[PDB]
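Below, chains carry the letters A, B, ... as their sequence lines are ordered, and counting in each starts from 1.
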Amino acid sequence: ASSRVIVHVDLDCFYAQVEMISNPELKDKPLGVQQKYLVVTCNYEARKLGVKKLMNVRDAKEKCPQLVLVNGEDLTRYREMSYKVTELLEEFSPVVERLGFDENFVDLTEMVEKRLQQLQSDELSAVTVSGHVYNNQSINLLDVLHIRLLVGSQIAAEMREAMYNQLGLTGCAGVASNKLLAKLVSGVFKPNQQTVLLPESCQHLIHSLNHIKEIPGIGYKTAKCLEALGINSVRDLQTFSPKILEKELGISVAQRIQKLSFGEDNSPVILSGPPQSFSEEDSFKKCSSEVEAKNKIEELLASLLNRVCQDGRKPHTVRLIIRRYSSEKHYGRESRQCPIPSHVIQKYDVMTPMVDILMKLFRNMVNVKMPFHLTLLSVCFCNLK
DNA sequence: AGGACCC
DNA sequence: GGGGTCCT
Ligand SMILES: Cc1cn([C@H]2C[C@H](O)[C@@H](COP(=O)(O)OP(=O)(O)OP(=O)(O)O)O2)c(=O)[nH]c1=O
Ligand SMILES: [Mg+2]
Ligand SMILES: [Mg+2]
Ligand code: NA
C-alpha cells in the first residue's frame, strides 16, 4: 500500500559510448572525452589504465600515453541520445525522472502490480531474479516485498535489453524500494550489470558508504558543515542529535538528510517531461575582455535559437551569465535576466533584437570602462510556454 | 539573483 | 566542462 518498486538506470561512461558508436575505430582503444583541459569521462579500457573521471588532460596522458582524446564540448549528440533513452523508458512506464544526461528513475510499482495480478499463483513460486541480489541475500518467495522487487529486476532487465537492442547502449540498473536506495544499489556491480536490494540488506548498503558525501543529496557545502560538527560516517549522522542538526542546518536540510542516513527517502519519482530551460556556455582564460564578448554571445545565441526552434515551445525569459577572476577566490557567477519582448517571441531578424537585449544585460553587470576579467559567458532561455 | 544539489 | 533541477 505504501511500498514502491523503483528502478535507477545509469548508463556506462555515457559520452564515451556515444563517441565509440560514432567512431568504432575507437571501440577497442582507450578513449577519453575532452572538454577544455579536462577528461570529463573515459571508456572502461581507459579506466583500467588509471584514467579517472574528471582527471585533467596532462595527468591523463601521463597516466596512459596512448590514450585517444575526442572533443566533447558540443553536447548536441549526447543530449539527443539522452532523450532517446528517456523516451524508451517512458514506453515502459510513463513516470520517468531524468537526473543529468545519463541517469533515469522509473517508478515500477503499478507495472509490478499488474504483472503480479496476471500470475496464476502456481507460477508465483516460479518467480526468479534477473541479475545480482545485493549482499547475496537469500530470497523468500513467500515475502510479498521480495516477489515485487524480483518482478522489478525482470522489468529492469527488459529495459536494459531494449536500450541495447534499440539504441546500442549498455548501462546498469538498481531496483529498490525508494530512489535513494535504487541509486545506491545500481552502482554495486558495474559496468553493464544490475542489482536488486531486498529490504533486510538496506542497513548493509547504507553502511557500505565510507563518508557522508557519498549519500546523494549531501553535497560539497553540507558535507563540509557535517565534517565541522565531527560527523563523518553514515552512523555518525544516524546517531547525531536531531536538535543540534536542526539548529545548524535548518529543519529542512536536517530532517531530510538524517532520514537519508537511515536509507529512508519518501521523495516521489517526478515526471521530467520536456526541459524547463536551454543554455550554452563557453569557458576561456581571459579571452574575453572586451567586445570579444558580443561575438561570443552571438555564437551562443545562434545555437540556442536552433534548439528552441526545433523544440517548438517558446521561451519568455532570457538570462546572461558571466564569471570573473582572479585570483584564487570563490565559485559564484553573476547573472541578469529579463522577459523577451512579445513581438520577439516569434521563431539580423531574431539575432539583432536578442543580441541587443543581451548586450544591455551585459552592460548592467560589467563596467565597460575601468573593467574586470571574464572566464565565462553563458546564455539561458527559460520560462517556456 | 543567487544558493544548494545532481550528472 | 558543460550542462541541468528546484528552493530562498
Ligand atoms: C559528474 C559529471 C558528469 N559529466 C558528464 C560526463 C559523463 O559521460 C556524464 C557522466 O555522468 P556519470 O553517470 O557520473 O558518468 P558516466 O556515464 O560518464 O560514467 P560511469 O560508467 O561511472 O557511470 O556526465 C560532466 O560533464 N560533468 C560532471 O561533473
Ligand atoms: Mg551516473
Ligand atoms: Mg552513467
Ligand atoms: Na552526495
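For residues 33-67 of chain A, proximity to DNA chain C is found at A:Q35, A:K36, A:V40, A:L54, defined as any non-hydrogen atom under 4.0 angstrom from a strand atom.
Contact annotation: A:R323 reaches the phosphate of C:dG1 (side-chain N/O to OP1 or OP2, under 4.0 Å).
Contact annotation for A:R98: no contact, since no heavy-atom pair falls under 4.0 Å across all strands.
Distance, A:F14 CZ to C:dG3 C1': 12 Å, rounded to whole Å.
Relative to the side chain of A:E73, the nucleotides B:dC5, C:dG2, B:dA1 differ in distance, and C:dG2 lies closest. For A:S283, whose side chain is taken as the heavy atoms from C-beta onward, the closest listed nucleotide among B:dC5, C:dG1, B:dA1 is C:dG1.
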Give the C-alpha distance, both sets of side-chain angles, the deciding distance and a yes or no for ring pair (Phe, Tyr, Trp, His ring centres under 6.0 Å) between A:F101 and A:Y78. CA-CA 8 Å; A:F101 278 12; A:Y78 307 135; 7.8 Å; no

Listing, residues 165-172 of chain A side-chain donor-acceptor contacts under 3.5 Å, not counting sequence neighbours, or none:
unit_1: A:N165; atom_1: ND2; unit_2: A:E161; atom_2: O; d: 3.3
unit_1: A:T170; atom_1: OG1; unit_2: A:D12; atom_2: OD2; d: 3.0
unit_1: A:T170; atom_1: OG1; unit_2: A:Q17; atom_2: OE1; d: 3.3

For residues 89-100 of chain A, which side-chain N or O atoms pair as donor and acceptor with protein atoms under 3.5 Å away, sequence neighbours left out?
unit_1: A:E97; atom_1: OE1; unit_2: A:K179; atom_2: NZ; d: 2.8
unit_1: A:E97; atom_1: OE1; unit_2: A:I270; atom_2: N; d: 3.0
unit_1: A:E97; atom_1: OE2; unit_2: A:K179; atom_2: NZ; d: 3.3
unit_1: A:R98; atom_1: NH1; unit_2: A:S82; atom_2: O; d: 3.3
unit_1: A:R98; atom_1: NH1; unit_2: A:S82; atom_2: OG; d: 3.0
unit_1: A:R98; atom_1: NH1; unit_2: A:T86; atom_2: OG1; d: 2.9
unit_1: A:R98; atom_1: NH2; unit_2: A:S82; atom_2: OG; d: 3.1

Report each atom pair, protein N/O against N/O of nucleotides 4-8 of chain C, whose distance is under 3.5 angstrom.
unit_1: C:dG4; atom_1: OP1; unit_2: A:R307; atom_2: NH1; d: 2.8
unit_1: C:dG4; atom_1: OP2; unit_2: A:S279; atom_2: N; d: 3.0
unit_1: C:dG4; atom_1: OP2; unit_2: A:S279; atom_2: OG; d: 2.8
unit_1: C:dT5; atom_1: OP1; unit_2: A:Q276; atom_2: N; d: 2.8
unit_1: C:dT5; atom_1: OP2; unit_2: A:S277; atom_2: OG; d: 2.7

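Grouped with A:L69 in one hydrophobic cluster are A:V39, A:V51, A:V57, A:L67, the linkage being side-chain heavy-atom contacts under 4.5 Å among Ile, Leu, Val, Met, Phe, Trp and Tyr residues. Listed by chain and number, the hydrophobic cluster partners of A:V68 are A:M20, A:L26, A:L31, A:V70, where partners are ILVMFWY side chains within reach of under 4.5 Å, directly or through others.
We find the CE-CG distance between A:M354 and A:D349 to be 10.5 Å, quoted to the nearest 0.5 Å.
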